[PDB]
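Asks:
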Amino acid sequence: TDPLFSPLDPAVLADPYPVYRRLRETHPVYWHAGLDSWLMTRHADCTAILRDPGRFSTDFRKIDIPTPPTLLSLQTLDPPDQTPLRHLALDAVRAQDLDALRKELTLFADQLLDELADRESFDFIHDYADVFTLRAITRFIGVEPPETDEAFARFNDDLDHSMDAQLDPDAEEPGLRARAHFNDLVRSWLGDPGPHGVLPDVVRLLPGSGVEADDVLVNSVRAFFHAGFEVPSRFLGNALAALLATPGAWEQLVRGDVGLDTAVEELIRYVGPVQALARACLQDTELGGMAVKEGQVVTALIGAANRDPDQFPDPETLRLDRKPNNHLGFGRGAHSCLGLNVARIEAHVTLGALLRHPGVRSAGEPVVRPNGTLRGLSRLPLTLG
Amino acid sequence: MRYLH
Ligand code: HEM
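Going down the list, the sequences are from chains A and B.
The authors' numbering applies: residue 10 is where the first sequence begins, and numbers increase by one.
The authors' numbering applies: residue 1 is where the second sequence begins, and numbers increase by one.
1) Between the Cα of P89(A) and the Cα atoms of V220(A), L22(A) and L116(A), which residue gives the shortest distance?
2) Quick one: what's got a C-beta closer than 7 angstroms to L327(A)'s C-beta in the same chain, skipping five residues either side?
3) Between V377(A) and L22(A), which are expected to be in contact by the criterion C-beta below 8 angstroms, what is the C-beta distance as a whole number of angstroms?
4) Could you tell me if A160(A) is buried or exposed, where buried requires 16 or more neighbouring beta carbons within 10 angstroms of its beta carbon?
5) From the DSSP output, which residues share a beta bridge with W259(A)?
6) For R33(A), tell me which candidate among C55(A), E129(A), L44(A) and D132(A) has the shortest Cα-Cα distance.
7) Less than 8 angstroms separating the beta-carbons of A222(A) and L83(A)?
8) Pop quiz: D173(A) and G381(A) are said to be a contact at Cβ under 8 angstroms. What is the actual Cβ separation, rounded to whole angstroms?
9) What is the DSSP secondary structure of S371(A), counted as helix, strand or coil?
10) Short of 8 angstroms in beta carbon distance, which residues of its chain neighbour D179(A), apart from the five on each side in sequence? Order them along the chain.
11) Below 7 angstroms between beta carbons is the criterion; list the residues of the region 48-63 of chain A that meet it against any residue of chain B, in chain order.
12) CB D158(A) to CB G184(A), shorter than 8 angstroms?
13) Is any non-hydrogen atom of the ligand HEM found closer than 7 angstroms to the C-beta of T67(A), if you look at the structure I gave you?
14) Mapping DSSP to helix, strand and coil, what is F131(A)?
15) Who are the near neighbours of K332(A) in its chain, counting only those whose CB is closer than 7 angstroms to its CB and skipping five residues on each side?
16) Is the region 348-365 of chain A close to the region 110-123 of chain A, with three or more CB pairs under 8 angstroms?
17) What residue from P12(A), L143(A) and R144(A) has the CA that sits closest to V28(A)'s CA?
18) Once you ignore the five residues that flank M299(A) on each side, which residues in its own chain have a CB closer than 6 angstroms to its CB?
19) Whole angstroms is fine: what's the gap from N334(A)'s alpha carbon to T115(A)'s?
20) With DSSP as the reference, identify every bridge partner of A309(A), one or two as the case may be.
21) Just reading off the beta strand (DSSP E) that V38(A) is part of, what are its end residues?
22) Is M299(A) close to chain B, meaning its C-beta is less than 8 angstroms from at least one C-beta of that chain?
23) Say whether chain B places a C-beta atom closer than 8 angstroms to the C-beta of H235(A).
24) Contact criterion: CB-CB distance below 8 angstroms. Does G381(A) meet it with respect to chain B?
25) Would you say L83(A) touches the ligand HEM, meaning its beta carbon is less than 7 angstroms from a heavy atom?
26) Can you find a CB in chain B that lies within less than 8 angstroms of the CB of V283(A)?
27) How many angstroms separate the CA atom of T76(A) from the CA atom of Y3(B)?
28) Contact between the region 196-213 of chain A and the region 91-107 of chain A: three or more CB pairs below 8 angstroms?
29) In the DSSP output, what is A57(A) paired with across the bridge?
30) Buried or exposed for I311(A), please, with buried defined as at least 16 other CB atoms from any protein chain shown within 10 angstroms of its CB.
31) What does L44(A) reach in chain B if we use C-beta pairs closer than 7 angstroms?
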């Protein structure tokens, strides 16, 4: 077990931020034997990794690591190999009508929360966030949602768990299996698209994009869909949990001593769900006084870097009026988030709608999902008001 | 830890 950072340790999973802070103070560039990687905890070094594809690659084949099936995709290539898919997706995404989306979501949140106000109590994660973000992402892409039976939550759990495979090698094969399942769902979608949305635009925009219609585009569409579903749900659960656990904070939003603009951004900085982004070093480099060798992996701990006191005054405090707030919640560079505008609409719509129920309060203990790469809750018991 | 969907 690691002297400084065990990300699947339950005591760390309950609250990783003190471990982050201590790690940043003592070894800001730290060699983690178990993850077989360097860990960067500082805002300046994570931004430097994220901005330099020539020196830090997502294509681990460049350091002789074969890419498993279902995983070669937009996320796991660098420019210029990645730029056609990146541009196809950027175009497909900008061709969408975000006001239509926002308005349909606002109707949906208001109806969902009047339904949940009728109950004694409910779980915000499974009864609101997951329902809401699944509607959001299937409307945005233009597909019919999958059925949310227990097999769906089972593939979702395996896929999330698979991100931590370096620490649990038995998690790999179920993640590939789970990702293949959702590829079978993506192929169906692409094989009979509807008339509007991101996915229809991709099919339409293929001719002369430079992108072939193969499993690489399929893996890319699966990852677009799965991130579009899960990451906002992780965020919504973390955000509401932090507001209720932080004295005075919800009261500040209710009274209107702060806008959703600075508040949503500060919530992303403080408890954003993405904790780690790994890259392969293609050329010897010095970071933090440590010599990173060609062939080694480095990991930007952006969740830790977003609480770096070198960048943020009073980094451990939820300051809903924070300005400036140059957080890395949505990444930087060739692989920055394509859904950040959809992410922020969901957060403003969800929060706007909860502010209709000022008496909202916890109704039990939150439960943290056992994931280190992508952090979120599996329940947030609540009663509305 | 690879953030890969
Ligand atoms: C609060 C919610 C979200 C957060 C915090 C978030 C965060 C991030 C981060 C940090 C990255 C960078 C990954 C890397 O550098 O390797 C990323 C990439 C990405 N995001 Fe998001 N994301 C969110 C929601 C969404 C949504 C709603 C969508 C789609 C509708 C989406 C689609 C993508 C895709 C496809 C990429 C890969 C880009 C590439 O590899 O070029 N994300 N996101």
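Positions of the beta carbon are idealized from the N, C-alpha and C atoms, including for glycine.
Replies: On the basis of the supplied data:
1) Of the candidates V220(A), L22(A) and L116(A), the one whose C-alpha sits nearest the C-alpha of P89(A) is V220(A).
2) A251, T255, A258, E275 and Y279
3) Yes, they are in contact, since the Cβ atoms of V377(A) and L22(A) sit about 5 angstroms apart, within 8 angstroms.
4) exposed
5) None, per the DSSP bridge assignment.
6) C55(A)
7) Not in contact: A222(A) and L83(A) (Cβ atoms no closer than 8 angstroms).
8) 5 angstroms
9) strand
10) none
11) none
12) No. Outside cutoff.
13) yes
14) strand
15) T271
16) yes
17) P12(A)
18) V38
19) 26 angstroms
20) Answer is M49(A) and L286(A).
21) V38 to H41
22) no
23) Closer than 8 angstroms: yes.
24) yes
25) yes
26) For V283(A), the closest Cβ of chain B is nearer than 8 angstroms.
27) For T76(A) and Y3(B), the distance between alpha carbons rounds to 14 angstroms.
28) Three or more beta-carbon pairs separated by less than 8 angstroms link the region 196-213 of chain A to the region 91-107 of chain A, which places the two stretches in contact.
29) DSSP output for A57(A) lists no bridge partner at all.
30) buried
31) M1
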